[PDB]
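Asks: My questions will all concern the structure given below.
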There are 2 protein chains.
Amino acid sequence: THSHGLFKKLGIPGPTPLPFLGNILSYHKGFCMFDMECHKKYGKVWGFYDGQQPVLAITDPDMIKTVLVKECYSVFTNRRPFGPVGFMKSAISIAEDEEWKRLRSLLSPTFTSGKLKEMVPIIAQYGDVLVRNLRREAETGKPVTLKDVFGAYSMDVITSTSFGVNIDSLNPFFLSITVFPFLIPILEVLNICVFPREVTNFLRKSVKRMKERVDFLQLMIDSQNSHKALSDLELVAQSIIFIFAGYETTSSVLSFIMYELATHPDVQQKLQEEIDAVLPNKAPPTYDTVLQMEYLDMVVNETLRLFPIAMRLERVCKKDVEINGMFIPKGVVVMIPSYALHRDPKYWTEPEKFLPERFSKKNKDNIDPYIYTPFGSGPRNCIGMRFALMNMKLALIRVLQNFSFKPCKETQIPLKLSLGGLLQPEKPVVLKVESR
Amino acid sequence: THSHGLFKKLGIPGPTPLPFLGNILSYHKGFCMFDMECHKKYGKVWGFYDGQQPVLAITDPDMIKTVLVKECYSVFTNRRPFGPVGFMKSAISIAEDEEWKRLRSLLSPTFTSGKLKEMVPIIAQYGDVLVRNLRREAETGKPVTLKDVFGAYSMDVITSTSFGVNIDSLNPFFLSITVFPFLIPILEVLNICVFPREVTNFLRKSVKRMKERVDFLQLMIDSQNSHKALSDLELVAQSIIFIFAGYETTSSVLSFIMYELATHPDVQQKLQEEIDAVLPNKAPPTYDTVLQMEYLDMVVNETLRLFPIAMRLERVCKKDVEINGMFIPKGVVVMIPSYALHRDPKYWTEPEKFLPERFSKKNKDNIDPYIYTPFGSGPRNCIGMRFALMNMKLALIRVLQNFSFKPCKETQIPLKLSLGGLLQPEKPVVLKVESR
Ligand SMILES: CC(C)(C)OC(=O)N[C@@H](CS[C@@H](Cc1cccc2ccccc12)C(=O)NCc1cccnc1)Cc1cccc2ccccc12
Ligand SMILES: CC(C)(C)OC(=O)N[C@@H](CS[C@@H](Cc1cccc2ccccc12)C(=O)NCc1cccnc1)Cc1cccc2ccccc12
Ligand code: HEM
Ligand code: HEM
């Protein structure tokens with residue numbers, strides 16, 4: 001624990017680290033509470049230790065823009081390593097430096113405006129499965145688990161948009177990794193993975209069994225026809241990454257939104273009127289009608305403020321720099337506390353209140369893009385942003401065109417956040433559903 | 001690799017060990033071929049190294065009886081450790097010394113003659129599910145996968161006999177452990193288990209959800225009313241052990257038997273006649289009618305000779321001894337090569353031929369019980385022997401009372417054994433089924 005002297009030397013403040021553990025015992029309220037409390041206790045900049053790993057928090061918009069954008073390629077190219085990963089080191093969200101630049105370049109036209117447009121008339125089928133599955137679980141007095149039917153929809157979107165598989169989807173130790181990150185090399189030589197070898201072996205062969213537009217796999221197969229050419233396993237590993245995000249992020253966010261709509265009935269009505277004015281007669285939403293719904297966008301934007309599911313953004317400082325008058329020595333992890341900045345009263349009036357009008361064009365400009373960052377920023381931001389927003393908005397239009405949402409006896413009010421690792425709710429979201 | 005001098009010193013012969021790996025590269029033909037070849041090359045006694053771990057093979061019946069029986073409690077009490085195990089160190093097949101003696105004593109009356117008898121009229125229901133599931137997959141030209149419908153039956157026997165759950169069941173790195181057994185302590189502090197924490201968490205709570213004769217769980221719950229008293233988690237971990245054996249061993253053996261019957265049509269007819277003489281009119285088999293069928297027993301006995309699914313028996317020598325005129329120093333693993341002894345021509349004429357008459361009472365006596373040992377011997381033998389035999393025999397009577405079994409184009413003839421770890425076949429067993 002010789003490394004625990006770094007921040008005292010640099011004159012950067014923070015909580016005093018315990019030997020070996022660093023500051024990790026403070027994760028007992030979750031990343032988010034620790035960050036918020038640190039943000040209060042110390043200010044625009046502070047430091048702590050994940051084990052022996054020094055981590056510097058920054059909250060200055062300029063500094064954040066310097067890290068996330070200005071010096072991305074040169075200094076702050078990669079994220080904190082987190083093995084053992086195996087054959088998935090070749091996945092874009094994990095790869096680094098030159099190998100990452102290769103994959104970012106190769107996989108970016110997958111997510112264009114125009115390819116997303118080709119995906120709309122296809123994403124459109126499973127909202128109608130989603131509604132008919134909601135019909136059954138609503139025609140009778142029986143509260144619904146959103147993450148069940150949102151996940152089943154998110155999955156149906158994934159299998160389709162990623163492989164063409166059109167299915168009706170009714171058919172804990174990481175802590176030791178920070179105290180023992182020296183044990184990651186060890187688990188790598190033991191073939192131990194954070195997956196099982198079965199889910200991936202399922203797909204390693206499944207990919208070659210189809211077989212053989214517009215799913216991500218074809219899009220990537222087409223790109224194998226500046227840099228080199230995507231290889232076969234490299235493509236399987238990207239599939240797995242895409243499947244993670246589009247299933248768990250999409251449906252989890254969709255649950256925070258139905259919760260907010262159900263606990264704020266005015267905002268639900270105001271939005272149901274908009275959907276009916278743009279799409280009268282319950283007209284099927286399209287790419288452009290979706291981008292036309294402003295209140296819908298404000299709802300989505302404000303929900304991501306309260307529940308930024310990344311919570312933090314992170315870049316490893318790959319060599320001594322002096323960003324914005326501050327020396328940052330190589331190997332430090334630079335961290336942006338999204339959740340805490342999103343709930344910072346120095347930028348957001350009533351920051352725990354769910355107030356979509358913050359994102360009205362009347363007020364959307366008093367909002368610093370390096371304070372509100374649910375999808376990252378600069379060259380390593382969420383490659384899947386536009387798809388994610390489109391994917392979700394398509395769900396809400398078709399669901400709010402048919403149903404209204406009420407709190408139950410079991411509805412957790414107020415929603416506790418996962419005190420643990422990922423930004424989920426404690427009890428699952430359950431509401432009453434009713435048909436218009 | 002200072003430990004690799006042990007067998008040269010003791011003047012005990014064997015294959016020369018490579019540094020660090022020991023003799024493990026020889027597992028490329030599988031345990032069995034290495035043992036058979038060692039048995040030939042060197043004789044009644046030889047030695048090798050799993051990494052730095054010295055292992056002594058013995059094939060003398062007296063010596064085997066000394067290890068397995070005479071000096072079991074005193075010297076040869078436990079098996080080779082094989083973590084990481086977690087909360088399952090408390091499972092009988094894994095526990096050692098005093099803790100094992102406690103569990104062997106507490107769990108033995110579960111498997112009496114009389115408790116097995118109470119299980120017959122209950123095991124009897126799922127042979128009739130097995131037959132009706134075989135009916136559908138046979139009424140039309142379509143070969144059957146035995147391990148599918150034998151496993152589904154073995155499972156239905158398990159869930160019932162172990163928890164009362166009556167369900168119709170149509171509803172790779174270990175190598176590093178021997179070169180790196182020093183890494184087992186490491187994986188233990190990382191909570192890494194050979195299970196997932198989900199299968200067991202499934203059961204840790206499931207056990208307490210029922211709720212609350214004659215299943216194993218009740219039998220064990222009753223025994224919590226010389227030694228101490230079985231605890232709550234100790235009981236969950238025994239459930240998991242029982243479920244392993246009774247599912248995978250039972251159905252795998254049942255596949256070697258249907259294979260032998262289908263590839264030896266006389267023995268299939270001779271057995272079908274016996275079942276019909278003891279149980280005319282397809283009378284439902286009972287505990288006693290099953291113990292009456294001698295040819296059936298001979299079939300089972302001979303199949304376990306060709307496919308002893310343990311392959312080896314193993315005991316750790318817990319202190320210097322001199323069994324049968326031979327010094328054995330503490331820490332050596334003593335190993336009995338079942339598979340190789342079962343296929344040794346010095347005891348078995350035509351040992352690769354499937355000849356049940358070796359177990360006719362006319363000849364069953366020319367058979368040394370420390371050469372043929374499919375269930376172990378002495379105080380640590382298979383606690384589940386009588387249940388296993390009963391369980392399987394019940395399946396064959398009801399299945400051979402209705403169906404006959406023929407080889408297909410895809411039937412692997414001759415059966416290759418799993419060249420890898422466990423004693424399974426290479427391609428799965430598939431046969432034609434037909435209704436009498
Ligand atoms: C243990 C800890 C929480 C510290 O680490 C993670 O367990 N897993 C993060 C890193 S990778 C991935 C998800 C994933 C989970 C479990 C095992 C994996 C094994 C190999 C590769 C990826 C695996 C992923 O990126 N899926 C796309 C995504 C997810 C969320 C939002 N958008 C896109 C997950 C993570 C969370 C928040 C922001 C992230 C930004 C870039 C990369 C990962 C990010
Ligand atoms: C890797 C290697 C092949 C060397 O080790 C094993 O992977 N697993 C043997 C040891 S324990 C168990 C099966 C089991 C598998 C995987 C993970 C486990 C984790 C915790 C506890 C048990 C686990 C078991 O005993 N189930 C009852 C049984 C099985 C077979 C015949 N009768 C009874 C399996 C084994 C094989 C042959 C004979 C055995 C005798 C005593 C104990 C175990 C024996
Ligand atoms: C509500 C949904 C989502 C949210 C809120 C979200 C947010 C984020 C954030 C904050 C990051 C890190 C940005 C940074 O480090 O600067 C990220 C990265 C990433 N996301 Fe998303 N994401 C979502 C959905 C998706 C989807 C649907 C995909 C589909 C492919 C996806 C693919 C990725 C990838 C590939 C990366 C890493 C980019 C790179 O390393 O080059 N995400 N996401
Ligand atoms: C065809 C089926 C089976 C065969 C061939 C078989 C064989 C064996 C063998 C060879 C051993 C090691 C014996 C020794 O070390 O001396 C063993 C141990 C064991 N078996 Fe079985 N077995 C079978 C089924 C079962 C079943 C159904 C159970 C159900 C509970 C079971 C429970 C156990 C236990 C608990 C042990 C360890 C005994 C102890 O350590 O005290 N086995 N088996």
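Please note that chains go A, B, ... in the order of the structure tokens, that every chain numbers its residues from 1, and that ligands are numbered from 1 in the order shown.
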Could you please select, counting only C-alpha atoms, the residues of chain A within 10 Å of chain B and state them as number ranges by chain?

Replies: A: 172-177, 180, 183, 186-187, 189-192, 196-197

Asks: Enumerate residues in contact with ligand 1: an atom-to-atom distance of at most 7 Å, counting only C-alpha atoms and all ligand atoms. Format the result as a PyMOL selection string.

Replies: chain A and resi 82+85+88+91+93-94+174+194-195+241-242+244-245+249+309-310+313+382+421-422

Asks: Identify, on the basis of only C-alpha atoms, every residue whose closest approach to residue 356 in chain B does not exceed 7 Å; exclude the query and any residue fewer than 2 positions from it along the same chain; express the result as a ChimeraX atom specification.

Replies: /B:298-299,302,354,358-359

Asks: Store the residues picked out above, limited to N, CA, C and O atoms, as a PDB file, in the first residue's frame.

Replies:
ATOM      1  N   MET B 298     -27.318 -60.220 -14.521  1.00  0.00           N
ATOM      2  CA  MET B 298     -26.120 -60.566 -15.284  1.00  0.00           C
ATOM      3  C   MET B 298     -25.850 -59.558 -16.384  1.00  0.00           C
ATOM      4  O   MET B 298     -24.689 -59.211 -16.647  1.00  0.00           O
ATOM      5  N   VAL B 299     -26.906 -59.140 -17.096  1.00  0.00           N
ATOM      6  CA  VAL B 299     -26.767 -58.076 -18.087  1.00  0.00           C
ATOM      7  C   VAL B 299     -26.212 -56.816 -17.429  1.00  0.00           C
ATOM      8  O   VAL B 299     -25.195 -56.271 -17.871  1.00  0.00           O
ATOM      9  N   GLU B 302     -22.519 -57.340 -16.317  1.00  0.00           N
ATOM     10  CA  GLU B 302     -21.539 -57.359 -17.393  1.00  0.00           C
ATOM     11  C   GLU B 302     -21.383 -55.987 -18.058  1.00  0.00           C
ATOM     12  O   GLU B 302     -20.268 -55.622 -18.456  1.00  0.00           O
ATOM     13  N   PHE B 354     -18.929 -58.762 -25.052  1.00  0.00           N
ATOM     14  CA  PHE B 354     -20.001 -58.572 -24.089  1.00  0.00           C
ATOM     15  C   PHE B 354     -20.629 -59.942 -23.867  1.00  0.00           C
ATOM     16  O   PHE B 354     -21.389 -60.433 -24.701  1.00  0.00           O
ATOM     17  N   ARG B 358     -20.559 -64.660 -17.941  1.00  0.00           N
ATOM     18  CA  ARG B 358     -19.549 -64.561 -16.892  1.00  0.00           C
ATOM     19  C   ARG B 358     -20.184 -64.404 -15.516  1.00  0.00           C
ATOM     20  O   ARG B 358     -19.572 -64.768 -14.508  1.00  0.00           O
ATOM     21  N   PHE B 359     -21.387 -63.833 -15.445  1.00  0.00           N
ATOM     22  CA  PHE B 359     -22.065 -63.613 -14.173  1.00  0.00           C
ATOM     23  C   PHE B 359     -23.182 -64.597 -13.915  1.00  0.00           C
ATOM     24  O   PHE B 359     -24.005 -64.356 -13.028  1.00  0.00           O
TER      25      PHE B 359
END

Asks: What are the DSSP strand (DSSP E or B) residues of range 364-410 of chain B, as a list in words?

Replies: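 Of range 364-410 of chain B, only residues 403, 404, 405, 406 and 407 of chain B fall in strand (DSSP E or B).
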
Asks: So how many Å separate CA of residue 112 in chain B and CA of residue 424 in chain B, to one decimal?

Replies: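 Here the two named atoms are 29.2 Å from each other.
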
Asks: Between CA of residue 256 in chain A and CA of residue 163 in chain A, what is the spacing in Å?

Replies: 27.9 Å

Asks: At a cut-off of 8 Å around ligand 4, and using only C-alpha atoms and all ligand atoms, what residues come up? Please write them as a ChimeraX atom specification.

Replies: /B:68,78-79,92-95,100,103-104,238,241-247,249-250,252-253,304,308-315,373-385,387-389,391-392

Asks: Any idea what's packed within 12 Å of residue 139 in chain A, counting only C-alpha atoms, ignoring anything in its chain fewer than 4 positions away? Could you give it as a list in words?

Replies: residues 131, 132, 133, 134, 135, 143, 144, 403, 432, 433, 434, 435 and 436 of chain A

Asks: Export, as a PDB file, in the first residue's frame, the selected residues with N, CA, C and O atoms.

Replies:
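Generated file (part.pdb):
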ATOM      1  N   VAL A 131     -47.782  -5.491 -27.357  1.00  0.00           N
ATOM      2  CA  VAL A 131     -49.117  -5.038 -26.981  1.00  0.00           C
ATOM      3  C   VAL A 131     -50.034  -6.225 -26.740  1.00  0.00           C
ATOM      4  O   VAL A 131     -50.783  -6.253 -25.759  1.00  0.00           O
ATOM      5  N   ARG A 132     -49.982  -7.224 -27.626  1.00  0.00           N
ATOM      6  CA  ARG A 132     -50.834  -8.402 -27.490  1.00  0.00           C
ATOM      7  C   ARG A 132     -50.449  -9.243 -26.272  1.00  0.00           C
ATOM      8  O   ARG A 132     -51.313  -9.892 -25.673  1.00  0.00           O
ATOM      9  N   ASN A 133     -49.165  -9.246 -25.887  1.00  0.00           N
ATOM     10  CA  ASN A 133     -48.768  -9.896 -24.637  1.00  0.00           C
ATOM     11  C   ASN A 133     -49.200  -9.083 -23.421  1.00  0.00           C
ATOM     12  O   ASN A 133     -49.484  -9.655 -22.360  1.00  0.00           O
ATOM     13  N   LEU A 134     -49.241  -7.753 -23.557  1.00  0.00           N
ATOM     14  CA  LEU A 134     -49.807  -6.890 -22.525  1.00  0.00           C
ATOM     15  C   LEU A 134     -51.320  -7.016 -22.445  1.00  0.00           C
ATOM     16  O   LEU A 134     -51.892  -6.859 -21.360  1.00  0.00           O
ATOM     17  N   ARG A 135     -51.982  -7.262 -23.579  1.00  0.00           N
ATOM     18  CA  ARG A 135     -53.425  -7.469 -23.578  1.00  0.00           C
ATOM     19  C   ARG A 135     -53.825  -8.574 -22.602  1.00  0.00           C
ATOM     20  O   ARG A 135     -54.707  -8.382 -21.758  1.00  0.00           O
ATOM     21  N   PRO A 143     -51.494  -7.466 -11.781  1.00  0.00           N
ATOM     22  CA  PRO A 143     -50.355  -6.557 -11.994  1.00  0.00           C
ATOM     23  C   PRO A 143     -49.245  -7.207 -12.815  1.00  0.00           C
ATOM     24  O   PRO A 143     -49.066  -8.427 -12.805  1.00  0.00           O
ATOM     25  N   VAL A 144     -48.501  -6.368 -13.540  1.00  0.00           N
ATOM     26  CA  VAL A 144     -47.522  -6.820 -14.524  1.00  0.00           C
ATOM     27  C   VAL A 144     -46.123  -6.460 -14.051  1.00  0.00           C
ATOM     28  O   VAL A 144     -45.901  -5.419 -13.423  1.00  0.00           O
ATOM     29  N   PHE A 403     -52.459   1.554 -23.699  1.00  0.00           N
ATOM     30  CA  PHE A 403     -52.608   1.278 -22.279  1.00  0.00           C
ATOM     31  C   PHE A 403     -52.316   2.517 -21.445  1.00  0.00           C
ATOM     32  O   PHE A 403     -51.601   3.431 -21.868  1.00  0.00           O
ATOM     33  N   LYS A 432     -50.309  -1.453 -12.331  1.00  0.00           N
ATOM     34  CA  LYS A 432     -51.534  -1.888 -12.973  1.00  0.00           C
ATOM     35  C   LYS A 432     -51.539  -1.375 -14.402  1.00  0.00           C
ATOM     36  O   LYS A 432     -51.070  -0.271 -14.687  1.00  0.00           O
ATOM     37  N   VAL A 433     -52.040  -2.203 -15.303  1.00  0.00           N
ATOM     38  CA  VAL A 433     -52.205  -1.840 -16.699  1.00  0.00           C
ATOM     39  C   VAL A 433     -53.694  -1.883 -17.007  1.00  0.00           C
ATOM     40  O   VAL A 433     -54.427  -2.695 -16.432  1.00  0.00           O
ATOM     41  N   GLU A 434     -54.143  -0.966 -17.866  1.00  0.00           N
ATOM     42  CA  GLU A 434     -55.542  -0.836 -18.252  1.00  0.00           C
ATOM     43  C   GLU A 434     -55.580  -0.432 -19.716  1.00  0.00           C
ATOM     44  O   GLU A 434     -54.645   0.190 -20.214  1.00  0.00           O
ATOM     45  N   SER A 435     -56.671  -0.778 -20.397  1.00  0.00           N
ATOM     46  CA  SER A 435     -56.781  -0.657 -21.847  1.00  0.00           C
ATOM     47  C   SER A 435     -57.738   0.472 -22.215  1.00  0.00           C
ATOM     48  O   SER A 435     -58.877   0.516 -21.734  1.00  0.00           O
ATOM     49  N   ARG A 436     -57.282   1.354 -23.094  1.00  0.00           N
ATOM     50  CA  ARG A 436     -57.999   2.560 -23.472  1.00  0.00           C
ATOM     51  C   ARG A 436     -59.201   2.288 -24.397  1.00  0.00           C
ATOM     52  O   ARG A 436     -60.079   1.480 -24.089  1.00  0.00           O
TER      53      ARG A 436
END

Asks: Which polymer residues have any atom within 12 Å of an atom of residue 210 in chain B, counting only C-alpha atoms, with same-chain residues fewer than 6 positions away left out, as a ChimeraX atom specification?

Replies: /B:162-165,203-204,217-218,221

Asks: Kindly save the residues from that selection, with C-alpha atoms included, as a PDB file, in the first residue's frame.

Replies:
ATOM      1  CA  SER B 162     -35.309 -36.477  -3.586  1.00  0.00           C
ATOM      2  CA  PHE B 163     -37.956 -33.748  -3.074  1.00  0.00           C
ATOM      3  CA  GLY B 164     -41.400 -35.054  -4.100  1.00  0.00           C
ATOM      4  CA  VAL B 165     -41.338 -32.907  -7.283  1.00  0.00           C
ATOM      5  CA  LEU B 203     -32.036 -25.159  -4.218  1.00  0.00           C
ATOM      6  CA  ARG B 204     -30.858 -23.380  -1.048  1.00  0.00           C
ATOM      7  CA  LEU B 217     -35.206 -34.891   1.770  1.00  0.00           C
ATOM      8  CA  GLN B 218     -37.889 -36.009   4.232  1.00  0.00           C
ATOM      9  CA  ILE B 221     -35.273 -33.964   7.632  1.00  0.00           C
TER      10      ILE B 221
END

Asks: Work out how far apart CA of residue 231 in chain A and CA of residue 101 in chain A are and give it in Å to one decimal.

Replies: 15.2 Å

Asks: Find the residues around residue 7 in chain A up to 12 Å (only C-alpha atoms counted), leave out those fewer than 3 positions away in its own chain, and share them as a compact mmCIF listing (two decimals) with N, CA, C and O atoms, in the first residue's frame.

Replies:
# COMPACT_ATOMS: atom_id res chain seq x y z
N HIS A 2 1.95 1.20 -0.80
CA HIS A 2 2.83 2.33 -1.11
C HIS A 2 2.18 3.30 -2.10
O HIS A 2 2.55 4.48 -2.13
N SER A 3 1.24 2.81 -2.91
CA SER A 3 0.53 3.58 -3.92
C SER A 3 -0.50 4.53 -3.33
O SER A 3 -0.96 5.44 -4.04
N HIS A 4 -0.88 4.33 -2.06
CA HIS A 4 -1.89 5.14 -1.39
C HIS A 4 -1.37 6.51 -0.98
O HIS A 4 -2.13 7.29 -0.39
N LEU A 10 0.19 14.86 -4.55
CA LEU A 10 -0.36 15.80 -5.52
C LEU A 10 -1.25 16.86 -4.89
O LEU A 10 -1.81 17.69 -5.63
N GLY A 11 -1.40 16.87 -3.57
CA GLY A 11 -2.29 17.84 -2.94
C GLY A 11 -3.73 17.76 -3.38
O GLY A 11 -4.42 18.79 -3.36
N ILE A 12 -4.20 16.58 -3.79
CA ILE A 12 -5.59 16.36 -4.21
C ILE A 12 -6.32 15.68 -3.06
O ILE A 12 -5.83 14.66 -2.56
N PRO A 13 -7.48 16.18 -2.63
CA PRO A 13 -8.12 15.67 -1.42
C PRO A 13 -8.97 14.43 -1.71
O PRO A 13 -9.29 14.12 -2.86
N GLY A 14 -9.34 13.74 -0.63
CA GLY A 14 -10.20 12.58 -0.69
C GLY A 14 -10.27 11.78 0.59
O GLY A 14 -9.57 12.06 1.58
N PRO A 15 -11.12 10.75 0.60
CA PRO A 15 -11.21 9.89 1.79
C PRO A 15 -9.95 9.05 1.98
O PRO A 15 -9.34 8.58 1.02
N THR A 16 -9.55 8.91 3.23
CA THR A 16 -8.28 8.23 3.54
C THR A 16 -8.41 6.74 3.23
O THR A 16 -9.39 6.11 3.64
N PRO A 17 -7.47 6.16 2.47
CA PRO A 17 -7.59 4.73 2.12
C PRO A 17 -7.12 3.80 3.24
O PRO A 17 -6.13 4.06 3.93
N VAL A 45 -13.09 18.22 -7.79
CA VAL A 45 -12.02 17.25 -8.03
C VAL A 45 -11.74 16.52 -6.71
O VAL A 45 -11.67 17.15 -5.65
N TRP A 46 -11.59 15.20 -6.76
CA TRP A 46 -11.19 14.43 -5.58
C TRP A 46 -10.63 13.08 -6.01
O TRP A 46 -10.68 12.72 -7.19
N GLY A 47 -10.09 12.34 -5.05
CA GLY A 47 -9.42 11.08 -5.35
C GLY A 47 -9.73 10.00 -4.33
O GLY A 47 -10.04 10.28 -3.17
N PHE A 48 -9.65 8.75 -4.80
CA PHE A 48 -9.84 7.57 -3.95
C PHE A 48 -9.14 6.40 -4.62
O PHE A 48 -8.51 6.54 -5.67
N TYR A 49 -9.23 5.23 -3.99
CA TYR A 49 -8.46 4.04 -4.37
C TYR A 49 -9.38 2.82 -4.45
O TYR A 49 -10.00 2.44 -3.45
N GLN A 52 -5.46 -0.86 -4.74
CA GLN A 52 -4.30 0.01 -4.90
C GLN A 52 -4.47 0.99 -6.05
O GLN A 52 -3.61 1.88 -6.23
N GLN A 53 -5.57 0.87 -6.83
CA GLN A 53 -5.86 1.64 -8.03
C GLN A 53 -6.32 3.05 -7.71
O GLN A 53 -7.45 3.25 -7.22
N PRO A 54 -5.51 4.05 -8.01
CA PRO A 54 -5.95 5.44 -7.80
C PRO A 54 -6.97 5.84 -8.85
O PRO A 54 -6.84 5.50 -10.03
N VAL A 55 -8.00 6.54 -8.40
CA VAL A 55 -9.10 7.01 -9.24
C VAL A 55 -9.33 8.47 -8.93
O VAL A 55 -9.62 8.83 -7.78
N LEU A 56 -9.26 9.31 -9.95
CA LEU A 56 -9.52 10.74 -9.81
C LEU A 56 -10.89 11.09 -10.38
O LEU A 56 -11.15 10.87 -11.57
N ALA A 57 -11.75 11.65 -9.54
CA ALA A 57 -13.00 12.23 -10.01
C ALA A 57 -12.79 13.67 -10.47
O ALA A 57 -12.05 14.44 -9.86
N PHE A 327 -1.94 18.50 -13.21
CA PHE A 327 -1.11 17.35 -13.54
C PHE A 327 -1.83 16.06 -13.20
O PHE A 327 -2.35 15.90 -12.10
N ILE A 328 -1.83 15.13 -14.15
CA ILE A 328 -2.44 13.80 -13.98
C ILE A 328 -1.40 12.76 -14.39
O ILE A 328 -1.07 12.67 -15.58
N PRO A 329 -0.86 11.98 -13.46
CA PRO A 329 0.23 11.07 -13.81
C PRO A 329 -0.32 9.78 -14.42
O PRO A 329 -1.44 9.34 -14.12
N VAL A 332 -3.36 6.60 -13.67
CA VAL A 332 -4.55 6.98 -12.92
C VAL A 332 -5.78 6.70 -13.78
O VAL A 332 -5.75 6.86 -15.01

Asks: Report as a list in words all protein, DNA and RNA residues lying within 12 Å of residue 102 in chain B, evaluated on only C-alpha atoms, omitting residues in the same chain fewer than 5 positions from it.

Replies: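 Those residues are residues 90, 91, 92, 95, 96, 97, 107, 108, 226, 227, 228, 229, 230, 231 and 234 of chain B.
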
Asks: Nearest to ligand 3 among A:305, A:142, A:40, A:406, with distances taken over only C-alpha atoms and all ligand atoms: which residue is it?

Replies: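 Using only C-alpha atoms and all ligand atoms, ligand 3 sits closest to A:305.
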
Asks: For each of A:260, A:50, A:98, A:365, take the minimum atom-to-atom distance to ligand 3, counting only C-alpha atoms and all ligand atoms, then give the residue where this is smallest.

Replies: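 With only C-alpha atoms and all ligand atoms as the atom set, the closest residue is A:98.
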
Asks: Between B:307, B:431, B:263, B:277, which has the minimum distance to residue 414 in chain B (counting only C-alpha atoms)?

Replies: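 The shortest atom-to-atom distance to residue 414 in chain B comes from B:263.
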
Asks: Please identify which residues in range 244-369 of chain B DSSP calls alpha helix (DSSP H) from the backbone, and express them as a ChimeraX atom specification.

Replies: /B:244,250-263,265-278,287-292,294-306,338-342

Asks: From the options B:335, B:149, B:371, B:430, which residue's atoms come nearest to ligand 2, counting only C-alpha atoms and all ligand atoms?

Replies: B:335
